[PDB]
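Here is the structure we will look at.
Residue numbers begin at 1 in each chain, while the letters A, B, ... track the order of the sequences. Worth knowing before you read on, the calculation uses all heavy atoms, side chains too, and leaves out hydrogens, waters and symmetry mates.
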Amino acid sequence: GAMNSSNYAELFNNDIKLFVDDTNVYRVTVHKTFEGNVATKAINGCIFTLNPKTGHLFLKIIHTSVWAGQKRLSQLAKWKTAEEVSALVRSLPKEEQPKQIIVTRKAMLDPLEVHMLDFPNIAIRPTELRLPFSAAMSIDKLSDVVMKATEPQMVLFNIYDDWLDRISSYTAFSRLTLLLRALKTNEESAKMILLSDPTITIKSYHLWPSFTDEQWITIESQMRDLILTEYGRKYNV
Amino acid sequence: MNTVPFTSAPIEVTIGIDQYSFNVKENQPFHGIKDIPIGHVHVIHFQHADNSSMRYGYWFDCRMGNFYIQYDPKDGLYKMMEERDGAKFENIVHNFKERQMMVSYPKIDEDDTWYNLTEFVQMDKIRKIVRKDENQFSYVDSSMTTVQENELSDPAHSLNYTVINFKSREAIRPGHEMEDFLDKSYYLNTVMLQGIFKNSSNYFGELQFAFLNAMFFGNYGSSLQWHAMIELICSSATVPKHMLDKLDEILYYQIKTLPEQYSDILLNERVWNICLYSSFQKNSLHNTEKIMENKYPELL
Ligand SMILES: CCCC(=O)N1CCN(CC(=O)O)CC1
């Protein structure tokens, strides 16, 4: 059934599973027209499909041409997400196909179930976790590839860089969610924390800086401070 | 007019015949029902006074044979049987009529209710939903499950309604996932009407039979089927006009006939609100919408 705090360790067991987040598939800017009406302009988006055990990210870039001449785009976006996730599953060798797909938004359940009817043994599940995957576009290298795309494109990444050489999947996922929650809550301050030391760089083959174990402890504490600081600012606490 | 005699009434029982009902006392000199209108299917049904568990009954058509009811004290129920000896049957009925031991089917001349509820219901189709080929009549009860319920456990005692499942490969063409899920017209017109039912009359006949089994027996799986067959039409953008207008008539008489106090158990809020107010056909069921709003405004 639904994935929550009780069954959290399940995310890191040996059954292949993927999170699917559709929050960045259909992205628009809203603006006034010459006549003083309001219009939207779409920008490139992406499907965020992540294996929480291994860190493998299947970033399907959704180019604005896929919306051309289409109506009810917010509805279409859910079905396009499901079509693309289904296509990804079919493209994977049998032994790499997931046994479960966990959608971050319950409105994805029916579109994905319908697209996956040929895979009756792949469980489609919602989650009660509030995951910050909408902030994936705050990771500079992910935003850049999405914005530069001139056509539909599938880009593969490891969202954990090389962290699994030193930490478990459980800890890597916790670090990722802390970083993304901080970037979602105060992007400017979070990016300042991550780059406030010029001597620590992001490898050409990495998304995040090359912090030592001790530096990651400091960074994680600074991210928690940022989140708590923003909570106090928001609620006047 | 035809007659279903009863050998006797050894246990106290509420007897239904179509939409009518009457009470019979233990060992009362009751010997059947006469003046049954020829031309329609009928249902004779039972609920025991000492055990309201198991409503049960029999669908039959007096044009197909001579039927009577006799209580079986071993199996503990009123059973329908066929009498193959015509002269014997006529002699039995005539004596019971002469002694006035029979109730008369109480049809008012102005009253088309039973026709309206059974317009498309045929005995031959009933006998394919309820499979017991050695009898010309069909037993249904409150507890019988449907083929679809069983899939989700005695197959010989199932209700073989046509399986409708909106999230199934049968309902969704590969490559038309969004289209077919949001507009069920393919599934209704190509799969169901052209493919399985062959025509709208057979579809409506099953829909009507499901409703009647839900109402007369409280058969839950039948209620599920009735609602599924309504929702399939209402969720289709492209439905022949004659079907929409006939559906409105069908549903109007079903809602009219439903006991006011059984609405909480026989009507699905989601389906009715979707069909009447959100669906493609929300403006195509004027008579049903008006009776539903005036009779069951709480459900909505
Ligand atoms: C961490 C920055 C490295 C980068 O730009 N990508 C490009 C796409 N990916 C190769 C692939 O799509 O299979 C490697 C990761």
Side-chain angles (χ1 to χ4, degrees), chain A residues 1-2 20 22 25-26 42 45 47 49 60 62-63 65-92 97-98 100-103 105-126 152, chain B residues 146-151 162-192 195-196 224 227-239 268-275 277-283:
Chain A
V20 170
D22 70 312
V25 170
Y26 175 50
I47 306 169
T49 301
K60 177 63 184 220
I62 303 296
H63 187 261
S65 58
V66 311
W67 313 127
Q70 302 295 327
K71 285 124 174 55
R72 295 190 49 81
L73 294 182
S74 63
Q75 180 179 65
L76 180 58
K78 303 182 199 310
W79 289 90
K80 173 65 174 180
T81 296
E83 187 188 12
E84 292 292 341
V85 169
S86 173
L88 169 62
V89 173
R90 297 171 207 274
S91 78
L92 290 166
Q97 289 175 339
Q100 301 180 9
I101 300 168
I102 305 160
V103 297
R105 305 205 294 177
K106 297 183 220 69
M108 278 302 306
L109 284 174
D110 278 351
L112 192 56
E113 181 178 354
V114 169
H115 272 277
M116 299 287 290
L117 286 173
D118 289 338
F119 293 95
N121 298 320
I122 299 183
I124 310 297
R125 307 170 58 200
Chain B
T146 68
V147 165
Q148 182 172 54
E149 282 181 308
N150 297 158
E151 296 171 346
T162 295
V163 177
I164 297 170
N165 182 348
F166 298 133
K167 292 192 279 179
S168 67
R169 169 58 66 231
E170 289 70 34
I172 303 294
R173 290 172 289 175
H176 309 247
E177 281 82 8
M178 184 182 187
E179 168 185 6
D180 287 349
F181 186 67
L182 295 180
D183 176 7
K184 316 227 184 263
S185 293
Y186 158 77
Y187 191 33
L188 171 69
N189 291 305
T190 296
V191 180
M192 288 289 160
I196 294 169
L224 293 180
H227 283 93
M229 297 185 80
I230 297 166
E231 190 177 351
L232 174 58
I233 292 172
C234 291
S235 302
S236 293
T238 303
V239 183
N268 187 285
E269 186 171 68
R270 177 187 75 71
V271 173
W272 284 96
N273 274 283
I274 272 53
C275 291
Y277 305 116
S278 314
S279 78
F280 287 109
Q281 308 298 340
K282 67 189 169 302
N283 291 327

Taking the side chain as everything from C-beta on, heavy atoms only, tell me whether A/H115 gets closer than 4.5 Å to B/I172. no
Which distance, rounded to the nearest 0.5 Å, do you find between the CG of A/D110 and the CD of B/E177? 13.5 Å
Crowding at NZ, A/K106 (>12 non-hydrogen neighbours, <6.0 Å): no
Would you call A/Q75 and B/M178 a side-chain contact if the rule is heavy atoms closer than 4.5 Å? yes
